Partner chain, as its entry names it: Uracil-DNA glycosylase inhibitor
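Next up: just one chain, as structure tokens, the form deposited without its partner chain.
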């Protein structure tokens, strides 16, 4: 199916340079199934981050690979379905920072869809994984797709704040360099850094200070 059927209109235009590579990745996933290997998230969720409007993205959160445990990955980085419990460790850590940074009560569930609906792009650099095999689809072709996405956001006239929660943070920074109104949060602790740099990093409040300083609306980070 063409991009226009898979992703939101603005994203379909932004991702046109990787249209053939996206189709190629569809073929890779089919071949995995044919080879007797599984992948996560579900096929219908692989491109889910790009189903919210490109034009309203104001914050980019970048992870590395999807959750490797069956029933966790849902196509938005770090998110889980609202009936998943206990939360994965990374997400529990994210929520302990959420409460500290913002002063909001602990969320009821792990669904980050409200962030996506408000202009937060919950991107992983690699969009699929073989279950129980962490980082197993590294180098299989997603990187050109997600790089295209990142560079497209940075080329927009609009403000953008980037939060780098993956191992490749240092490879990602240059992709964000050309954007005139792009601010990248540094340093780059990841959720599992926990009290050795992640807690107290204030990613949500800092994003909003930066957006407001650039004349953009803040993100409402509140979760139920």
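C-alpha atoms forming the largest set that superposes within 1.5 Å between two forms make up the rigid core. Positions refer to the first chain, counted from 1.
Beyond what is shown, the protein has a form solved in complex with its partner chain; the following relates to that form.
Contact with its partner chain in the deposited bound form, defined as a heavy atom within 4.5 Å, holds for exactly one of 141, 107, 119, 88, namely 88. Although the partner is absent from this view, residue 134 contacts its partner chain in the deposited bound form, with a non-hydrogen atom inside 4.5 angstroms. Proximity of residue 188 to its partner chain in the deposited bound form: non-hydrogen atoms within 4.5 Å are present. Among heavy atoms of residue 64, some come within 4.5 Å of its partner chain in the deposited bound form. Among residues of the shown chain, residue 156 is not one whose heavy atoms approach its partner chain to within 4.5 Å in the deposited bound form. Here the chain stands by itself, but in the deposited bound form one stretch of 192-200, 23-31, 53-61, 38-46, 192-200, has heavy atoms within 4.5 Å of its partner chain. Checking 29, 172, 163, 183 for C-alpha shifts of 2 Å or more between the shown form and the other one, after the rigid core is superposed, gives a single hit: 183. Once both forms are fitted on their core, the CA shift for residue 42 between the shown form and the other one remains under 2 Å.
Between the C-alpha atoms of residue 185 and residue 213, a gap widened by no less than 3 Å is obtained in the deposited bound form, as opposed to the form on display. Compared with the form shown here, the Cα atoms of residue 181 and residue 176 sit 3 Å or more closer together in the deposited bound form.
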